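**Student:** Below: one structure in structure tokens.
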Amino acid sequence: XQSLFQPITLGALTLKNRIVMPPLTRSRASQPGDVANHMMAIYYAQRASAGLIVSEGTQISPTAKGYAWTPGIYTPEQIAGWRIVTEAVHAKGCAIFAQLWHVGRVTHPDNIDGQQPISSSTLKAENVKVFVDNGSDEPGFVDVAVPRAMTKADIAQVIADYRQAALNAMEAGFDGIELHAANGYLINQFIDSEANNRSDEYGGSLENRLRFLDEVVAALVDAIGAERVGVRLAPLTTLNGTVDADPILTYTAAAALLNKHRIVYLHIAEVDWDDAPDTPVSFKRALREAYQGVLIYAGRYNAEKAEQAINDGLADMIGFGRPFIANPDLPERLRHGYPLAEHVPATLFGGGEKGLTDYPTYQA
Ligand SMILES: Cc1cc2nc3c(=O)[nH]c(=O)nc-3n(C[C@H](O)[C@H](O)[C@H](O)COP(=O)(O)O)c2cc1C
Ligand SMILES: CCCCCCCCO[C@@H]1O[C@H](CO)[C@@H](O)[C@H](O)[C@H]1O
Ligand SMILES: CCCCCCCCO[C@@H]1O[C@H](CO)[C@@H](O)[C@H](O)[C@H]1O
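Each residue of the sequence shown is one higher than the one before, counting from 2 in PDB author numbering.
Structural data, given as structure tokens:
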């Protein structure tokens, strides 16, 4: 764990250690209005011994939402709710980035004001469910809907919505933003060949499949500065329905394109739930040459694997998702080899403080 507990520079920030709390949707936002709240602020501040916190995905508009009760970042009240979170986190000494979210086709009309979802094309995500509010206190799981293909004008609108969400995040006191371009969501529906059937300049070729990503990142950078923009990618997982035919090429190229934008970090989502594909070391080393900023990986890491990835020159920082849910003091536990609590799946989403803020710190 020695390297894991070394500080690191992230743009204009000095971070305490190499541990990241990656984005973790908890569906705790206040209703009506999908507003970040007190319980969330406590939750994040409890975990502020991380080097970096990346918020749960936060939708950039009403039609960007995938799941019931996720917090938005487009209304004034939503910005203010996030400010209570960022104030709490900053009082503990920690950096926090907002994960800007558009789910594209991975939603249900019930979550987007009855609208049909949008995507690169009209392809439904196969074997994918989201959850909706059905009036009960627990999430109601449902099949996703068939999307409509985005027009030119839809692309302009979404870019504008991302751009403004970045400014909103700065107004909310975040230190930066993370673009969610991973886990089968909207941008990923353009990147991955088998999700993109477009015949215009946003599909077919590799350069066209990366164009939406390029244009969104350019707008984010223009709005808030490259030193405040990270991006998340998922080259090899396919759980939410996006498959690329030549992911080593596509994602090495994406990494090099993002390097050209000088984004402050690149975050690789190596596992999604129990989708844990073989991610060759040779590929990881290629990504490390293609993108020369701070490289973050998350997915089934433990202390040993995290330290090894850093010492082998594969990663600069490591995210721990599920362990951070149940271990607010995860860094201290990793450093000392204290046993980790395990999380309760039934309280991951929805509800209140139970299973959110009531996991204790370690006590022998
Ligand atoms: C409850 C839960 C919610 C998640 N929500 C998001 C999210 O909002 N955005 C995202 O990019 N990843 C999300 N993820 C994925 C995690 O960031 C992480 O990449 C994944 O859980 C693998 O890391 P782990 O094996 O350490 O948990 C979620 C994971 C879990 C368990
Ligand atoms: C610095 C010491 C003062 C601590 C301020 C504590 C703020 C807690 O705030 C409380 O959080 C609860 C959720 O846990 C909500 O249900 C309450 O409405 C909210 O007032
Ligand atoms: C409205 C938001 C109020 C946030 C108050 C800070 C919440 C985190 O409080 C932290 O909780 C840890 C237990 O997990 C304690 O061990 C730390 O001492 C405590 O400061």
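Note that the Cβ used here is the ideal one computed from N, Cα and C, for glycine as well.
#1: Examine the Cβ distances between the segment 131 to 147 and the segment 346 to 356 and report whether three or more of them are shorter than 8 angstroms.
#2: Alpha carbon to alpha carbon, what distance is there between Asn209 and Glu202?
#3: Report, in whole angstroms, the separation of the C-beta atoms of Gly67 and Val129, which I expect to be a contact under 8 angstroms.
#4: Looking only at DSSP bridge pairs, what is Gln60 linked to?
#5: Going by C-alpha distance, which of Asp155, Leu14, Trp274 and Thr358 is nearest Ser62?
#6: Could you give the uninterrupted runs of the beta strand (DSSP E) lying entirely in the segment 9 to 44, keeping only those of 3 residues or more?
#7: Given a cut-off of 8 angstroms, decide if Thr71 and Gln79 are closer than it, judged by their beta-carbon atoms.
#8: Measuring from each Cβ to the nearest heavy atom of ligand 3, keep the ones under 6 angstroms and list them in chain order.
#9: Starting from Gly320, follow its DSSP beta bridges and name the residues at the other end.
#10: Using beta-carbon positions only, say whether residue 372 and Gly105 come within less than 8 angstroms of one another.
#11: If you count every other CB in all the chains shown that lies within 10 Å of the CB of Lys285, and 16 or more means buried, which is it?
#12: Could you give the DSSP three-state label for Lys93: helix, strand or coil?
#13: Since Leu211 and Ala254 should fall inside the 8 angstroms C-beta cutoff, what is the C-beta to C-beta distance between them, to a whole number of angstroms?
#14: Is DSSP giving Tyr292 helix, strand or coil here?
**Tutor:** Taking the definition as stated:
#1: With the rule of 3 Cβ pairs closer than 8 angstroms, the segment 131 to 147 counts as touching the segment 346 to 356.
#2: Roughly 5 angstroms between the two C-alpha positions.
#3: Not confirmed; about 10 angstroms, so no contact.
#4: In the DSSP output, where bridge partners are listed per residue, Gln60 has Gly73 and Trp102.
#5: For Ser62, the nearest C-alpha among the options comes from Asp155.
#6: If we require 3 residues or more, the beta strand (DSSP E) runs fully inside the segment 9 to 44 come out as 9 to 11, 14 to 16 and 20 to 22.
#7: Remark: C-beta atoms of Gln79 and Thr71 do not approach each other more closely than 8 angstroms.
#8: In chain order, the qualifying residues are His39, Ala42, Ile43, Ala46, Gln47, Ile85, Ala89, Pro329 and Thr362.
#9: When beta bridges are read from the DSSP output, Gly320 appears opposite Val21 and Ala299.
#10: What is shown of the chain runs 2 to 365, which leaves residue 372 out entirely.
#11: Under this definition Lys285 is a buried residue.
#12: Taken through DSSP and simplified to helix, strand or coil, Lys93 comes out as coil.
#13: At roughly 7 angstroms, the Cβ-Cβ gap stays under 8 angstroms, so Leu211 and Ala254 are in contact.
#14: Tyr292 falls in the coil class under three-state DSSP.
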